[PDB]
């Protein structure tokens, strides 16, 4: 695993969040809007015109916890989540998860997992908020067993439903396997299916099997992807879609100009799917970034993003943590 890959993953996550943010929840977004957006963005004279959202706010909190406590400290991490919320509450947090932060900030809970368990009448959140921030677990911990147990724990601080935390594990594993050289598309899916069959044993495996079917077809319409995989706030309806976006964009897409590289193509395609665009693109962007590396994060794109320099600095620190774990 190279510095290029860790850098790529975090910068890809940042780009996906920043670029996807203006379209999130849009019923009307289609590819022409996204292509226009990109060509305008590339000519913007001022840097830093795209602000990040909760997806990145929580990512940065995860990273600062991993650097402060590299053996993984869920109490430290919970505190950083709640304090980040308190400091910048308008970044775009889910309507449910705010109550978790409020309870963590209160004196009443000793068990930092207990607020999450109380969400949605004790069923817990099945939102994608655990998955949107989880990439860095795969960037800090080379051992897959660590990736799984820490992805799960980091997610369970807000997402107590298995759909929520298994979605976070799935996203962490997709980044993990993308880091392993440049696996062939079919090997990558086989790796993910193998792991999720064990973990769920099966909603996420079902979606991964559909993905295998889609990848074996040609010219699959957006509507079929949306209808079968989803583009929603639920982890089940967003994490597989992000994985699909990444795997699809390993090859040319006839509607996206081939002057865009694979990572750019992945982000554009993700956003073009509509729905939860900042989170699907932040997840697909983390996976693509880990896979292709920083070579595909172009200067005109990355300069557009709030906190790019801090993000690059944090990628160097995560890389050193990863190397130390070896």
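Numbering follows the first chain given and starts at 1. Basically, rigid core = biggest C-alpha set you can superpose within 1.5 Å across the two forms.
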{"query": "179-187 against 160-168 - segment lying farther from this form in 7 other deposited structures of this protein (CA RMS, rigid core fit)", "finding": "179-187"}
{"query": "Positional deviation of Cα atoms in 7 other deposited structures of this protein after core superposition, greater for 23-31 or 50-58", "finding": "23-31"}
{"query": "Sequence continuity check, residue 201 and residue 202 (deposited residues unmodelled)", "finding": "10 or more"}
{"query": "Mean C-alpha temperature factor, higher of 181-189 and 162-170", "finding": "181-189"}
{"query": "Entry-level comparison of average CA B-factors, 192-200 and 139-147, reporting the higher stretch", "finding": "192-200"}
{"query": "Selection by C-alpha B-factor (highest) of 80, 133, 207, 152", "finding": "207"}
{"query": "Most elevated Cα B-factor in the entry, residues 241, 156, 128, 106", "finding": "106"}
{"query": "Modelled-residue ranking by C-alpha temperature factor, third containing residue 246", "finding": "lowest"}
{"query": "Residue 321 - Cα temperature factor, lowest/middle/highest third of chain", "finding": "middle"}
{"query": "Assigned third (lowest, middle, highest) for the C-alpha B factor of residue 26", "finding": "highest"}
{"query": "Chain third (lowest, middle, highest) by recorded CA B-factor, residue given as residue 39", "finding": "middle"}
{"query": "Residue 123, C-alpha B-factor rank within chain (lowest, middle or highest third)", "finding": "highest"}
